């Protein structure tokens, strides 16, 4: 099946000073957002009609309350211990936790934490593992948190028992959106001149879903190895955008074409032809 294969929640907790901290959170299938966190209410925002997967309303409400208590208590404890951990404000903590479906059917879970944009800890084998970037502070943190009865057990249950069934349920519940096929459109433009006597040609591919896509500059049937793939960029409403560039000498632009392949096209590639002398768009 196509589309996302993983679910995760993220946390960004920003500590301005000793009496003011705020947390943002959200839930995701790969890079598609399916849950928001509403700080006005301490409850979640379900962005799709299928965002609860196969979970009952009652279990969903229990999990929302877990997150609400956790978010409040996380700020309370960090602020209480910030002095002992020699913390300087402002600072920012991030967390990600979830699970993913692999080839062969295994589901693997993960939990990672960061401080100051650097890795701080991870959970491996239901244990707290300090990251080397986290230094002695992370060692100190792991030794302290594992003494929290309930937190260790609740994290274990959520990662290894709740997440895998949630993931399968929501991948199934959302398959109409997650496995839909959306065709790209493509067009050609100039790029910034690389320098004297050279041109950059740009092949734009926009509006495709799912994310895997193939784009190449061609001379007839010969793929141009010089093709430079840009980073895939988001559009609103769950589609993607991609630029493929080629730097050529002025007199060598004629004869070039851009070919696009995508799962939605059922084998009918898009072919665009570069024409020189300003004849590139009727």
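Rigid core here is just the name for the largest C-alpha set that superposes within 1.5 Å across the two forms. Residue numbers count along the first chain shown, from 1.
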Compare 146-154 with 187-195 and report which one shows the larger root mean square C-alpha deviation from this form in 8 other deposited structures of this protein once the rigid core is superposed.
-> 187-195
Between 207-215 and 132-140, name whichever shows the higher mean Cα B factor according to the PDB entry.
-> 132-140
Entry B factor averaged over C-alpha atoms, 15-23 against 255-263: higher for 15-23
Using the temperature factors in the entry, find which of 167, 96, 151, 115 has the highest value at its Cα atom.
-> 151
From 193, 189, 179, 162, can you pick the one with the highest C-alpha B factor in the entry?
-> 193
Among the modelled residues of its chain, does the C-alpha B-factor of residue 41 lie in the lowest, middle or highest third?
-> highest
What third of its chain, lowest, middle or highest, does the C-alpha temperature factor of residue 202 fall into?
-> middle
Could you say whether, by C-alpha temperature factor, residue 61 belongs to the lowest, middle or highest third of its chain?
-> highest
In terms of the chain's CA B-factor thirds, is residue 51 lowest, middle or highest?
-> lowest
Name the third of the chain's ranked CA B-factors that contains residue 237, choosing lowest, middle or highest.
-> highest
